[PDB]
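Novice: Have a peek at upload-v8.cif (mmCIF, C-alpha atoms).
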data_protein
#
loop_
_atom_site.label_atom_id
_atom_site.label_comp_id
_atom_site.auth_asym_id
_atom_site.auth_seq_id
_atom_site.Cartn_x
_atom_site.Cartn_y
_atom_site.Cartn_z
CA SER A 1 -16.79 -11.61 -24.94
CA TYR A 2 -14.15 -9.98 -22.64
CA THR A 3 -14.17 -9.00 -18.99
CA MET A 4 -13.34 -5.67 -17.47
CA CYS A 5 -9.73 -4.78 -16.67
CA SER A 6 -8.96 -5.12 -12.93
CA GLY A 7 -5.69 -3.27 -13.18
CA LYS A 8 -4.28 0.24 -13.09
CA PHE A 9 -4.33 2.80 -15.88
CA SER A 10 -2.29 5.92 -16.44
CA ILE A 11 -2.55 8.88 -18.79
CA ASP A 12 -0.43 8.37 -21.90
CA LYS A 13 -1.91 11.50 -23.50
CA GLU A 14 -3.92 14.26 -21.84
CA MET A 15 -7.63 14.65 -22.71
CA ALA A 16 -8.08 16.92 -25.70
CA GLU A 17 -10.84 18.37 -27.84
CA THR A 18 -11.18 17.33 -31.45
CA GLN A 19 -12.29 19.29 -34.47
CA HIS A 20 -15.80 17.84 -34.43
CA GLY A 21 -16.96 18.46 -30.83
CA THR A 22 -15.67 15.24 -29.31
CA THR A 23 -12.81 14.52 -26.94
CA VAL A 24 -9.95 12.07 -27.14
CA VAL A 25 -7.81 10.64 -24.40
CA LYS A 26 -5.04 8.05 -24.59
CA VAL A 27 -4.51 5.66 -21.74
CA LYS A 28 -1.90 3.13 -20.79
CA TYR A 29 -2.83 -0.20 -19.18
CA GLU A 30 -0.28 -1.10 -16.48
CA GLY A 31 -2.15 -4.12 -15.09
CA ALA A 32 -2.81 -7.76 -16.05
CA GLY A 33 -5.44 -9.99 -17.66
CA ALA A 34 -5.23 -8.33 -21.05
CA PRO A 35 -6.97 -8.39 -23.44
CA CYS A 36 -9.69 -6.91 -21.32
CA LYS A 37 -12.29 -4.12 -21.48
CA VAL A 38 -11.48 -0.64 -20.29
CA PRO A 39 -13.82 0.49 -17.55
CA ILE A 40 -15.28 3.85 -18.30
CA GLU A 41 -17.94 5.76 -16.47
CA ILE A 42 -19.21 9.16 -17.37
CA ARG A 43 -21.20 11.18 -14.87
CA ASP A 44 -22.80 14.61 -15.23
CA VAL A 45 -22.74 17.63 -12.82
CA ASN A 46 -24.96 15.81 -10.34
CA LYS A 47 -22.84 12.70 -10.50
CA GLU A 48 -25.59 10.88 -12.36
CA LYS A 49 -24.60 8.27 -14.93
CA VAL A 50 -24.71 9.33 -18.52
CA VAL A 51 -25.18 6.67 -21.18
CA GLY A 52 -24.08 6.18 -24.77
CA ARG A 53 -21.47 8.96 -24.90
CA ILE A 54 -18.64 6.63 -25.63
CA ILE A 55 -17.83 6.98 -29.34
CA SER A 56 -14.98 4.53 -29.62
CA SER A 57 -16.30 1.01 -30.20
CA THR A 58 -15.83 -0.75 -26.97
CA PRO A 59 -12.34 0.10 -25.78
CA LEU A 60 -9.92 -2.66 -25.07
CA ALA A 61 -6.55 -2.88 -23.52
CA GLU A 62 -4.93 -5.39 -25.88
CA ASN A 63 -1.83 -6.24 -23.85
CA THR A 64 0.04 -5.23 -20.78
CA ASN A 65 1.49 -1.70 -21.15
CA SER A 66 -0.68 -1.26 -24.24
CA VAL A 67 -1.97 2.19 -25.15
CA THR A 68 -5.64 2.65 -25.87
CA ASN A 69 -7.30 5.53 -27.67
CA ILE A 70 -10.62 6.65 -26.18
CA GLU A 71 -13.04 8.96 -27.98
CA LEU A 72 -15.99 10.47 -26.04
CA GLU A 73 -18.76 12.95 -26.48
CA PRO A 74 -19.11 14.38 -23.04
CA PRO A 75 -22.26 16.20 -22.14
CA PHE A 76 -23.07 19.69 -21.44
CA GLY A 77 -21.61 21.30 -18.36
CA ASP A 78 -19.19 19.71 -15.95
CA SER A 79 -18.68 16.01 -16.59
CA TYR A 80 -16.71 13.56 -14.54
CA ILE A 81 -14.91 10.74 -16.35
CA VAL A 82 -13.63 7.74 -14.42
CA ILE A 83 -11.35 5.21 -16.05
CA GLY A 84 -10.57 1.86 -14.49
CA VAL A 85 -11.59 0.39 -11.15
CA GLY A 86 -10.47 0.53 -7.53
CA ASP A 87 -8.70 3.28 -5.58
CA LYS A 88 -6.18 3.90 -8.33
CA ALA A 89 -8.88 4.72 -10.84
CA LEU A 90 -8.16 7.71 -13.04
CA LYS A 91 -10.50 10.61 -12.38
CA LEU A 92 -10.83 13.24 -15.10
CA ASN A 93 -12.88 16.43 -15.33
CA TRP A 94 -14.26 18.06 -18.42
CA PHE A 95 -16.33 21.16 -19.10
CA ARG A 96 -18.49 21.72 -22.13
CA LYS A 97 -20.58 24.91 -22.63
CA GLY A 98 -24.18 24.94 -23.96
CA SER A 99 -27.18 27.21 -24.76
CA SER B 1 -25.75 14.07 -3.36
CA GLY B 2 -24.46 10.94 -1.76
CA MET B 3 -21.43 8.78 -1.30
CA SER B 4 -19.08 8.43 -4.27
CA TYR B 5 -17.52 5.06 -4.55
CA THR B 6 -15.47 3.30 -7.16
CA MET B 7 -15.90 -0.16 -8.60
CA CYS B 8 -14.52 -3.14 -6.74
CA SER B 9 -11.28 -4.43 -8.35
CA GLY B 10 -11.31 -7.67 -6.41
CA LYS B 11 -12.69 -11.18 -6.55
CA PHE B 12 -16.20 -12.28 -5.71
CA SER B 13 -17.60 -15.68 -4.93
CA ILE B 14 -21.07 -17.11 -4.67
CA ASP B 15 -22.30 -17.11 -1.05
CA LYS B 16 -25.75 -18.22 -2.17
CA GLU B 17 -26.82 -19.59 -5.55
CA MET B 18 -29.10 -17.47 -7.70
CA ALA B 19 -32.72 -18.16 -6.90
CA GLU B 20 -36.18 -17.12 -7.93
CA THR B 21 -38.34 -15.10 -5.53
CA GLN B 22 -42.07 -15.05 -4.89
CA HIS B 23 -42.48 -11.72 -6.70
CA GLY B 24 -41.06 -12.22 -10.21
CA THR B 25 -37.39 -11.50 -9.44
CA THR B 26 -34.18 -13.26 -8.64
CA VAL B 27 -31.80 -12.97 -5.76
CA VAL B 28 -28.17 -13.85 -5.53
CA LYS B 29 -25.84 -13.44 -2.62
CA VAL B 30 -22.22 -12.72 -3.20
CA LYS B 31 -19.12 -12.56 -1.08
CA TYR B 32 -16.44 -9.94 -1.66
CA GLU B 33 -12.98 -11.50 -1.16
CA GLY B 34 -10.95 -8.52 -2.40
CA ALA B 35 -9.86 -5.14 -1.10
CA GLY B 36 -10.74 -1.42 -1.25
CA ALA B 37 -14.16 -1.87 0.38
CA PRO B 38 -16.53 -0.14 0.59
CA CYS B 39 -16.77 -0.24 -3.17
CA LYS B 40 -19.41 -0.78 -5.88
CA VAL B 41 -20.20 -4.25 -7.14
CA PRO B 42 -19.68 -4.51 -10.90
CA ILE B 43 -22.71 -6.00 -12.54
CA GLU B 44 -23.53 -6.44 -16.23
CA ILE B 45 -26.56 -8.15 -17.69
CA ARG B 46 -26.77 -9.29 -21.30
CA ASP B 47 -29.60 -11.04 -23.14
CA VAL B 48 -29.64 -13.94 -25.64
CA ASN B 49 -28.20 -11.60 -28.33
CA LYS B 50 -25.31 -10.54 -26.07
CA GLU B 51 -26.95 -7.11 -25.95
CA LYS B 52 -26.85 -5.06 -22.79
CA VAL B 53 -30.04 -5.04 -20.82
CA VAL B 54 -30.91 -1.96 -18.90
CA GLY B 55 -32.70 -1.19 -15.65
CA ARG B 56 -33.04 -4.79 -14.52
CA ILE B 57 -31.05 -4.25 -11.36
CA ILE B 58 -33.64 -3.89 -8.62
CA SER B 59 -31.36 -3.53 -5.61
CA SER B 60 -30.31 0.06 -5.05
CA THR B 61 -26.77 0.22 -6.31
CA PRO B 62 -25.09 -2.81 -4.76
CA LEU B 63 -22.08 -2.29 -2.52
CA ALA B 64 -19.53 -4.50 -0.91
CA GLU B 65 -19.30 -2.89 2.55
CA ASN B 66 -16.20 -4.65 3.91
CA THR B 67 -13.77 -7.36 3.07
CA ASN B 68 -15.45 -10.78 3.20
CA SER B 69 -18.82 -8.97 3.32
CA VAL B 70 -21.88 -10.59 1.84
CA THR B 71 -24.01 -8.57 -0.55
CA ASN B 72 -27.58 -9.28 -1.53
CA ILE B 73 -28.32 -8.66 -5.21
CA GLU B 74 -31.86 -8.54 -6.53
CA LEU B 75 -32.42 -8.63 -10.32
CA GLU B 76 -35.24 -8.90 -12.79
CA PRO B 77 -33.66 -10.87 -15.59
CA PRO B 78 -35.39 -11.07 -18.94
CA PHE B 79 -37.10 -13.94 -20.65
CA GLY B 80 -34.92 -16.62 -22.04
CA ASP B 81 -31.22 -16.96 -21.49
CA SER B 82 -29.56 -14.05 -19.76
CA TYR B 83 -25.84 -13.66 -18.95
CA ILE B 84 -24.91 -12.01 -15.69
CA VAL B 85 -21.32 -11.02 -14.95
CA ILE B 86 -20.26 -9.98 -11.50
CA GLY B 87 -16.96 -8.32 -10.80
CA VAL B 88 -14.04 -7.58 -13.12
CA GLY B 89 -10.99 -9.40 -14.47
CA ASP B 90 -10.43 -13.08 -15.29
CA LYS B 91 -11.89 -14.19 -12.00
CA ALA B 92 -15.22 -12.51 -12.75
CA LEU B 93 -18.23 -14.57 -11.87
CA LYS B 94 -20.18 -15.56 -14.97
CA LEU B 95 -23.77 -16.66 -14.38
CA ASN B 96 -26.21 -17.93 -16.93
CA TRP B 97 -29.87 -17.68 -16.00
CA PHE B 98 -32.78 -19.06 -17.82
CA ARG B 99 -36.26 -17.67 -17.40
CA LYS B 100 -39.47 -19.20 -18.85
#
Can you present the structure in this file as structure tokens?
Specialist:
Amino acid sequence: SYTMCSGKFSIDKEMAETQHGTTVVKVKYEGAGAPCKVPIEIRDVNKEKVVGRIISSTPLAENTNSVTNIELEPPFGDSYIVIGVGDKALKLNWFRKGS
Amino acid sequence: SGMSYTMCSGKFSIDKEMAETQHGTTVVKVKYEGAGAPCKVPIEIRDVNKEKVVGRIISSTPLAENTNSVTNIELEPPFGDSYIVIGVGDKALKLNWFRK
């Protein structure tokens, strides 16, 4: 339906835990080609891809300078979340404790 | 343990049209016209139902090594109509493949 956003993102609101064991982050799309899909990759402690942990139904950047809400269920341990493409990609770290 | 690259933001073009191989796969060759290389080639494969299709990328994770570099991409697309998208943005290459 849509293609992935080629542009830059910035943090509108810092990543935060929710009441039900998920995380939310708000991001601002500074680039062009909107409406486009927000690129999101989640990797685990070994930098292996982790699938199906994106709770929000596929995140879009609707316009230029639009703000997008992103809900995730990151996995156990240290996870690495990358948003966007290219050099300017946002790189976020999260830690979740388990058994 | 390995290199950590990001996805290529730039434009791609077809260096060589998608073609069937002798061993039940396809190959396509693509040229990276953009910047930030070496970066990862964005590749998505969807089926007739527009549903993601997993583990059909045979090539070990495809990279664009340099600017104007040519990357060989081997895939095992599913039966029927598949939709392959390469790169990001408006200029993303959109390929429709039909397999019998």
Novice: Output as an MDAnalysis selection string the set of chain A residues within 7 Å of chain B, with distances taken over only C-alpha atoms.
Specialist: chainID A and resid 3:6 33 85:87
Novice: Can you work out the spacing between CA of residue 68 (chain A) and CA of residue 27 (chain A) in Å, to one decimal?
Specialist: 5.2 Å
Novice: What's the separation between CA of residue 55 (chain A) and CA of residue 74 (chain A), in Å to one decimal place?
Specialist: 9.8 Å
Novice: CA of residue 41 (chain A) to CA of residue 47 (chain B): how many Å, to one decimal?
Specialist: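 Value for the CA of residue 41 (chain A)-CA of residue 47 (chain B) distance: 21.5 Å.
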Novice: Around the point (0.8, -7.5, -20.5), in the coordinates given by the file, pick out the residues reaching within 12 Å, counting all atoms listed in the file, and return them as a PyMOL selection string.
Specialist: chain A and resi 5+7-8+28-36+61-67
Novice: Could you state which residues are captured by the PyMOL selection byres ((chain B and resi 19) around 10) in this file, as a PyMOL selection string?
Specialist: chain B and resi 16-18+20-21+25-29+74+97
Novice: Include C-alpha atoms and write out the residues we just selected as a PDB file, in the coordinates of the input.
Specialist:
ATOM      1  CA  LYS B  16     -25.750 -18.220  -2.170  1.00  0.00           C
ATOM      2  CA  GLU B  17     -26.820 -19.590  -5.550  1.00  0.00           C
ATOM      3  CA  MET B  18     -29.100 -17.470  -7.700  1.00  0.00           C
ATOM      4  CA  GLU B  20     -36.180 -17.120  -7.930  1.00  0.00           C
ATOM      5  CA  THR B  21     -38.340 -15.100  -5.530  1.00  0.00           C
ATOM      6  CA  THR B  25     -37.390 -11.500  -9.440  1.00  0.00           C
ATOM      7  CA  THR B  26     -34.180 -13.260  -8.640  1.00  0.00           C
ATOM      8  CA  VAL B  27     -31.800 -12.970  -5.760  1.00  0.00           C
ATOM      9  CA  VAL B  28     -28.170 -13.850  -5.530  1.00  0.00           C
ATOM     10  CA  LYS B  29     -25.840 -13.440  -2.620  1.00  0.00           C
ATOM     11  CA  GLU B  74     -31.860  -8.540  -6.530  1.00  0.00           C
ATOM     12  CA  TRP B  97     -29.870 -17.680 -16.000  1.00  0.00           C
TER      13      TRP B  97
END
Novice: In file coordinates, which residues lie within 12 Å of (-8.9, 16.2, -26.9) using all atoms listed in the file, given as a list in words?
Specialist: residues 13, 14, 15, 16, 17, 18, 19, 20, 21, 22, 23, 24, 25, 26, 69, 70, 71, 72, 73, 74, 94 and 95 of chain A
Novice: For region 78-81 of chain A, please output as a VMD selection string all residues within 10 Å (counting all atoms listed in the file; exclusion window: fewer than 5 positions along the same chain).
Specialist: chain A and resid 40 to 50 72 90 to 97
Novice: For the provided coordinates, the residues matched by the PyMOL selection byres ((chain B and resi 71) around 7) should be stated as a PyMOL selection string.
Specialist: chain B and resi 29-31+63-64+69-70+72-73
